[PDB]
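Going down the list, the sequences are from chains Z and P. Take the first sequence: its position 46, counted from the start at 1, is 156 in my numbering, and no numbers get skipped. Take the second sequence: its position 213, counted from the start at 1, is 227 in my numbering, and no numbers get skipped. By construction, the Cβ of each residue, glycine as well, lies at the ideal position given by its N, Cα and C atoms. First the structure, in the form of structure tokens, and then the observations on it.
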Amino acid sequence: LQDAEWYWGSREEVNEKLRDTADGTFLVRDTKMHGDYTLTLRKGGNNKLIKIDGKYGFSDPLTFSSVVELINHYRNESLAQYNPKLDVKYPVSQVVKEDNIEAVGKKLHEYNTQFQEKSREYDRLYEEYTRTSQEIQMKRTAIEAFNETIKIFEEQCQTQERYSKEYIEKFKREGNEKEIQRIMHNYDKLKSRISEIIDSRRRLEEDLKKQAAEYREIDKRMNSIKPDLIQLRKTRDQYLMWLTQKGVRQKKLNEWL
Amino acid sequence: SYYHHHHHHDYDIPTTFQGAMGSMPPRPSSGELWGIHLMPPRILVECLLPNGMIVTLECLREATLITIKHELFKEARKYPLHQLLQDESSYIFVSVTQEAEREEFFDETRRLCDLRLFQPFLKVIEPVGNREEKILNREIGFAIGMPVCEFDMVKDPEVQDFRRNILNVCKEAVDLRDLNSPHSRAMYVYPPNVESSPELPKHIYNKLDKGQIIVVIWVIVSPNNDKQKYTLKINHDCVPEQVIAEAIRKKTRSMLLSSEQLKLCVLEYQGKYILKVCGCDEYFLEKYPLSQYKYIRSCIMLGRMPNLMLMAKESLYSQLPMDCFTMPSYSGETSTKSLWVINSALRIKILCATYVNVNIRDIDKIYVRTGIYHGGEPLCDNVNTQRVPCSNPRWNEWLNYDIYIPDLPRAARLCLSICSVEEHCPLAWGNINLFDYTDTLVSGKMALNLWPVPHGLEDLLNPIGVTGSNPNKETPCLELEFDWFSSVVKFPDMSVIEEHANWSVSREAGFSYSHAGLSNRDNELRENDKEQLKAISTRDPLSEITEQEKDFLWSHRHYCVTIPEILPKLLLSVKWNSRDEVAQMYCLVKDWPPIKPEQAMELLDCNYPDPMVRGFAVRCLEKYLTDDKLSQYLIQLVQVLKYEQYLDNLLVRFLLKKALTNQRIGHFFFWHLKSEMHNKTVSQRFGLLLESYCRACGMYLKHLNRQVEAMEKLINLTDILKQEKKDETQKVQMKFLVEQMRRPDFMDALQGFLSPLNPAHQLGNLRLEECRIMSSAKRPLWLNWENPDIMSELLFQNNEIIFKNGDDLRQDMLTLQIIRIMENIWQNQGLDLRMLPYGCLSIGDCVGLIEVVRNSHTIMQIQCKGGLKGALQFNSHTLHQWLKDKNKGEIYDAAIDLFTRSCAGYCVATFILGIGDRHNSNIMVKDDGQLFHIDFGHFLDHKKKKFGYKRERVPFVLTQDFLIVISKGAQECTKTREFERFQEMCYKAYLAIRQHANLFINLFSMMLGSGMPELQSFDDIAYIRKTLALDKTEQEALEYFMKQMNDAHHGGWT
Ligand SMILES: Cc1c(N)cccc1N
């Protein structure tokens, strides 16, 4: 009843042991002038707490003589026949098997340095990801802007053709090539200027794909760091929990960690 | 020998990281032209003329469009086709901006650099769209920082439906403004800055000899120059009008005037004047105890004599222009088929995710997890099979959720996520509202782009996350299909839900005999029950309720109406997946007794998404929440908008109206919205709201637009200092800074405007000799300005505030807010600890403003200054000795009282909030002896995400230094009465916060919205439970607090 595997005997650190366990995983807890014990069960991925002359129970069907009595019965069976909306029943509670205590504690530092080195790599890349998302979108807007600029110039190389070829045929002899050269010059500037702008826009779009390429490669490697970070952290949490069963040593821990 | 000769082969130091010179993270934003920060001082600009000619002027960076136009048409004469141009006056400039929109440049005073031009060119045109007036939307869009057109071409009906309907609220507020104008207009602009209570705490009351204050009314007569004191001694609880009279009495008593002749000269004169605060645009515009105005109450506390000014109402109503509000340019299926008709389970067809970036080496197989939610979930969570894993992943499955379509609640939302495989690990996520804003159940095909899993989330699905598709295109796009029922299904009317609820009750009244699992169902209740209910009511939000307690609550819901405050708990005890239940709850909440705002605010967090509930919650605010207390909690109310399902909602209509009713709220409401605009989770939502505000706010837009323009100048300026003027001497940088600031574009832009930190303060001229870049690597700017008040002298001649590009202010913003609140709790509950919650304001992505506190120093400076020449050790006493050096005489004794009263409160706030470890370089002491912490780092113990685990840290650990000073220089200070009293403050402080713990949970719960890594989910906030010890009795808490306090101190502490 002290040991009881699942039996620990507060709210917060329960939820840390219930974080990322699947549908059906459970444990029991201990104000006493409130109720005695508390079955904290994670049905469907959400904390579902259940309150507990001799007989331990949930409300009226009290004939179970112990805390261990009531939980063996409902490891076999669901909680539906007690309370309507409850159709779920994992009593969850390696480490190289090490009885070393000290050398288990060195590994905790080692895994934690591995983990904390690993979190920074994940943290780095999350900045890269979002900066890249920004840099990209700024490039996209810039492309809309270039494209827009270009319209105004394409429209301007057109805009002049209407007025300029009205001012060639009207007159013609008056300032023959003295006029029409210096209208051809201005226009020959105008189109090569367009020519430069388009090439400036292209050169952004090639950089866009190289950026968007790298953007994939960040996420790609984020998603291969992620699953490792979960296990690396989870192994650290079992190494740290395995220690904090035998010797209390809450304060000794912090040098390794 | 050191390393076992083990070579690290990968490591390189030819530049290998931003650990080396480790500061200044956030980027980027190009400034004055595309791809460059600060445009060249002389620059070539292509002018595109209406005759099709490209004449290129060399212009100065700094030059006005007037100057450019005027030169362009002088220089277009030298190019051909001059007879085809009109007189320059028939033209306006245009170009493509960096936002990517062809902006017409109407305000021709603007300078070439200030245009935000992308490419440096200008097209000439005669002004299309003859309403010049109306295309000062560009004003709005400047203030918002995204052009107003960008909405106008949004497809989505909701968005347009928001834009058009929200003007209801805007026009209603403008009505209230010009109601008793010009008084009410001044009432909008310059609301009375006033504490919530008129009642005075007992430690203020004792500073005034049975409620009397020596005031100083000032006046001006001719020409302006000379002013005259009029040093009244009026009552604390006397109103501005009485204070205005006595001033005019004493002004105009005379030897050529009988008393009867004075009384008449009082009356005429009296109400032609109103009271200003000397030195800032604050005023005393309504019947309020003088003490109730914040300026007075601070003058009491600080041992100061209020300097007010008598101001003529007409010289005031001179300075208010007209609001000039205008309605903008922009002005189901035959009774459908009620969701309750629909006879089927929920099923949602998953189809194909397209853009999923995963190593086929690393990850085996990948699947879509799904689930339905309400904050928590109304059925067993389900997935789909592990099919087509990684390479082009596709499942054409109907997922089957065990809930009947009618038992969907209004606020139901699907939450999904692509995952990796117990190698379980989310790749993306996205959530969708199962109904739309028109109440319509979601049918057919939907295409959802997903969000990347953030830092703190390990969990698979993430329903607190924002509802809707990512706008970012190039991300995982998981499209899917919902069931179609030959008819648009709408959510039931309330009239109909009222009937089903009335039926559900009458039905229960004949359910008979034993109903074991009494659980969800006696008229006369037991006394032990009625005590187990109020006992539940008192519990904080994070004390999670059991199934027993829920069922117990849900049954006695009709008694729960006697104890309104239970409502949060009750609502979380409803089976949201039983419309029978939900409907009955909708009839309680209808006429549930309104509750206190501090309690009603919980009901707008993520755990209460139902619209009816949130209505009740806004209904509470509408009643109790004063413009004071709204302003106090405005950050938590802006943040809580994210959790609303739809754009258009009662909470937005509330806050928007309040913003337009009162300009001090308005101000911060703009800036907090504007602060977040870079975050694409809310860009749309907040943009739309900010448009509405900006459109209806009256002249303030133009004031905002200068504040905004100043902030952009500084953002650019620093951005440049931080890149390319890095690896440069301060000497070289400071030269560059001053050089820049002297250019006239900077001079215009950074001078005549209002403090975003506090728009009451004006900001005048730049004294550039007192402007400088601090030593920090983030290259913050220490900026200084002349206070252009008439009475600068009487308040502060120099206003100086710190601009810091590079650092996420919002953690600080919230901790400082929380501090401010603990102070108000403490003080207003008669106990005087003096926290200095200095001003802080994030105006953007890691960009903000921090209030300077003149004459304060880091303990380090104190000790550097007090350190002996031969570099040996710094003396614990030097603090004490440096403090004495300032405070000498009866002063000394009082300055230790301050240091003790501050140091105590800061100990208890620090401990409870668990903020970053305190040490000599982040603790500050003022000349007058007040202590206050700066640079808080991570609040709720966010370096416990590495190891952590029941660490319940003490961050302010009072070294000798502090103890000496508390104990007036004795040795073995830990044993004096000086110290006993100190501890008794610390205990009394700790309990006060422990009785308001609900609020601080809820404030932190409201803040989960913002994307702060310190606030990822409720367990983050749970630290504040341990540290307040809310699972325990208060007596254990006291003992816990001591225990905790003792062990870190090696001290006495019993
Ligand atoms: C309401 C709630 C659920 N369902 C799970 C975890 C935390 C909280 N606060």
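Check the Cβ-Cβ distances between P:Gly66 and every residue of chain Z, and say whether any is below 9 Å.
yes
Environment of P:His22 [buried if 16+ CB atoms lie within 10 Å]:
exposed
I'd like to check one pair, P:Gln754 with P:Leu52: are the Cβ atoms closer than 9 Å?
yes
Quick one: is P:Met938 buried, meaning 16 or more other Cβ sit within 10 Å of its Cβ, or exposed?
buried
Which one or two residues does DSSP pair with P:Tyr852 in a beta bridge?
In the DSSP assignment, P:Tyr852 forms no beta bridge with any residue.
Return the chain-ordered ranges of every alpha helix (DSSP H) run that is complete within the region 837-918 of chain P and spans a minimum of 4 residues.
Taking only runs of at least 4 residues, the alpha helix (DSSP H) segments lying wholly in the region 837-918 of chain P are 873-879 and 892-900.
Taking the runs of the beta strand (DSSP E) that are 3 residues or longer, which of them lie wholly in the region 282-309 of chain P?
287-291 and 294-297
So does the region 393-400 of chain P actually touch the region 139-157 of chain Z, counting three or more Cβ pairs closer than 8 Å?
Contact between the region 393-400 of chain P and the region 139-157 of chain Z is present: 3 or more CB-CB pairs across the two stretches fall below 8 Å.
Do P:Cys785 and P:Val746 have their C-beta atoms closer together than 9 Å?
In this structure, P:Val746 does not lie closer than 9 Å to P:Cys785 by Cβ.
Give me the subset of the region 381-399 of chain P whose CB atoms are less than 7 Å from a CB atom of chain Z, sorted by chain position.
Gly390, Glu391, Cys394 and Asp395
Could you tell me the boundaries of the beta strand (DSSP E) in which P:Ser434 lies?
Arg427 to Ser434
Specify, as a first and last residue, the run of the alpha helix (DSSP H) that P:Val183 falls within.
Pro171 to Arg191
Is any beta-carbon of chain Z found at less than 9 Å from that of P:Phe961?
It does: the Cβ of P:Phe961 has a partner Cβ on chain Z nearer than 9 Å.
Got a sec: does ligand 1 put a non-hydrogen atom nearer than 8 Å to the Cβ of P:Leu556?
yes
Check: P:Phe1032 C-beta below 8 Å from any heavy atom of ligand 1
yes
Looking at the structure shown, is P:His1063 part of a helix, part of a strand, or coil, going by DSSP?
helix
I'd like to check one pair, P:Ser195 with P:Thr640: are the Cβ atoms closer than 9 Å?
Not in contact: P:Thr640 and P:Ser195 (Cβ atoms no closer than 9 Å).
Delimiting residues of the beta strand (DSSP E) encompassing Z:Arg152
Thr148 to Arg152
Please report the straight-line C-alpha distance between P:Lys88 and P:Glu76, rounded to a whole angstrom.
So the two alpha carbons sit approximately 20 Å from each other.
Using DSSP's beta-bridge definition, name the partner residues of P:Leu494.
P:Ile364 and P:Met460
Taking the straight line between their C-alpha atoms, what separation do you get for P:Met599 and P:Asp619?
19 Å
Close Cβ partners of P:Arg124 (< 8 Å) along its chain, the five nearest in sequence each way excluded:
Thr78 and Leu79
What residues in its chain sit with their C-beta under 8 Å from that of P:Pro407, if we drop five residues either side in the sequence?
Hits under 8 Å: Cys366, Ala367, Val370, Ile380, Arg401 and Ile432.
For P:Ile839 and P:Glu495, I'd like the C-alpha separation in whole angstroms.
52 Å
Three-state secondary structure (DSSP) at P:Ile386?
strand
Within chain P, partners of Z:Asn157 - CB distance below 8 Å:
Under the 8 Å cutoff, chain P gives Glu558.
Please identify the residue among Z:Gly167, Z:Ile335, Z:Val358 and Z:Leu353 whose C-alpha is closest to the C-alpha of P:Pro440.
Z:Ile335
Under 9 Å, Cβ to Cβ, is there at least one residue of chain Z near P:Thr29?
no
Would you list, in chain order, the members of the region 221-248 of chain Z that have their beta-carbon closer than 8 Å to a beta-carbon of chain P?
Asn222, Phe225, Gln226, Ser229, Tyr232, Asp233, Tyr236, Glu237, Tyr239, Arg241, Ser243, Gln244, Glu245, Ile246, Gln247 and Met248
May I ask you to report which of helix, strand or coil DSSP gives Z:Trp116?
coil
Examine the Cβ distances between the region 499-512 of chain P and the region 459-474 of chain P and report whether three or more of them are shorter than 8 Å.
no
Residue-chain proximity (Z:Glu258, chain P), Cβ-Cβ < 9 Å
yes
Which stretch, first to last residue, makes up the alpha helix (DSSP H) that contains P:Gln613?
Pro611 to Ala614
Is P:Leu586 near ligand 1 - that is, is its Cβ less than 8 Å away from at least one heavy atom of it?
yes
Take every Cβ of the region 668-684 of chain P, pair it with every Cβ of the region 160-175 of chain P, and state whether three or more of those distances are shorter than 8 Å.
no
By the criterion of Cβ-Cβ separation under 8 Å, what are the contact partners of P:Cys634 in chain Z?
Chain Z residues near P:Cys634: none, gap ~28 Å exceeds 8 Å.
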